[PDB]
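Okay, so here's just one chain, in structure tokens, the form deposited in one PDB entry.
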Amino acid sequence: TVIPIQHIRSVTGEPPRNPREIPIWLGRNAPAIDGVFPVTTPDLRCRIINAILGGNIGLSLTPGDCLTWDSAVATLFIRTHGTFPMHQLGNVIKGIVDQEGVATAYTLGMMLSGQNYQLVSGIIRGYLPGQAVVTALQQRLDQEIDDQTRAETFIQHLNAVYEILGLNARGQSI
């Protein structure tokens, strides 16, 4: 199967120079790549990323580093950033919640933690924008069954609470 690179490169654009932006730039372009061509197998997901980055024999992934589009961005994160100890997760998450959403922080944080709900939930409760948002979101998550459903229904509930107070993604008001 011949991936159509000339089309995928009109959508996406040119990767940034400073290579600690490649992991975040590759999440914002994920939906648009799966528009031009429906990436299905781990194998294609590898091939498409290797082609888009190019002569970086550094950031070249494998069929193990690509089951979802989110395993991939963790594996480029830990190549361009380094491997953190658990007591440094808080600082990294605050970096992402600053540039992108609480929403981006949650998914990437859970990937870098081994899907540790207690830790990541605990850290993000410190960066939500305003006292009313914080208690609001907790009431919603407390009316669920187990800490498994709390994890599936977290992004859902944060977007609901944000609509009420009428905030955009980055916690600023519309």
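Residues carry their position along the shown sequence, with the first being 1.
The protein also exists as the form deposited in another entry; that form is not presented, and the subsequent description refers to it.
Splitting the chain into two rigid parts for the change between this form and the one not shown, with each C-alpha assigned to the part whose superposition fits it better, puts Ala132 and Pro63 in separate parts.
In the other form, the Cα-Cα separation between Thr68 and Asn159 grows by 3 Å or more relative to the displayed conformation. Look at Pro31 and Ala105: in the other form their Cα atoms come 3 Å or more closer than in this form.
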